[PDB]
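> Here's a sequence, model it:
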Amino acid sequence: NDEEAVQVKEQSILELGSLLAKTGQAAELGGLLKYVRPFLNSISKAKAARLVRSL
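Numbering: from 1, shown residues only. Provided below are the atomic coordinates:
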């Protein structure tokens, strides 16, 4: 379903974010949180806030 797509999208955000963390990116990783802003409105506030705090 769509929930699976959202899930793999989230783990894609974590994966790519980890890659940017390993490559030492600042503006990219810092702008990632701004880029995922509209994506956080498609799901619950709990997972969104958790993602924000994690990143």
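> For the spatially most central residue of the chain, which residues are in contact?
With distances taken as C-alpha atoms, centre = their mean, residue 13 lies nearest the centre of the chain, 4.1 Å away. The contact partners of residue 13, by C-beta atoms under 8 Å, 6 or more residues apart in numbering, come to 32, 36, 51. In short, each C-beta sits where N, CA and C put it, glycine included.
> ditto for residue 6
Residues near residue 6 by C-beta under 8 Å, 6+ apart: 42-43.
> ok, then the element right after the lengthiest helix in the chain?
As assigned by DSSP state H, the longest helix anywhere in the chain is helix 2-22. Going down the chain from helix 2-22, the next helix or strand is helix 27-35, by DSSP states H and E.
> tell me what whichever helix or strand comes after that following helix is packed against?
Downstream of helix 27-35, the first helix or strand assigned by DSSP H and E is helix 45-54. Counting contacts by 3 or more C-beta pairs under 8 Å, 6 or more residues apart in numbering; DSSP states H and E, helix 45-54 packs against helix 2-22.
> ok now the helix it packs on, how far from the chain's centre?
6 Å (C-alpha atoms, centre = their mean, to the nearest Å).
> Over to stretch 42-49?
The answer for stretch 42-49 is 11 Å, by C-alpha atoms, centre = their mean.
> Go through that stretch and flag the buried ones.
residue 48 (16 or more other C-beta atoms under 10 Å).
> what's in contact with it?
Stretch 42-49 is contacted from outside by 6, 10, 40-41, using C-beta under 8 Å, 6+ apart.
> Select, from these, the two members most distant in space.
Greatest spatial distance among the contacts of stretch 42-49 (C-beta to C-beta): 10 and 41, at 13.9 Å.
> So if I had to pick from the two, which one is more boxed in?
Neighbours per residue (other C-beta atoms under 10 Å) separate residue 10 from residue 41, with residue 10 holding more: 15 against 8.
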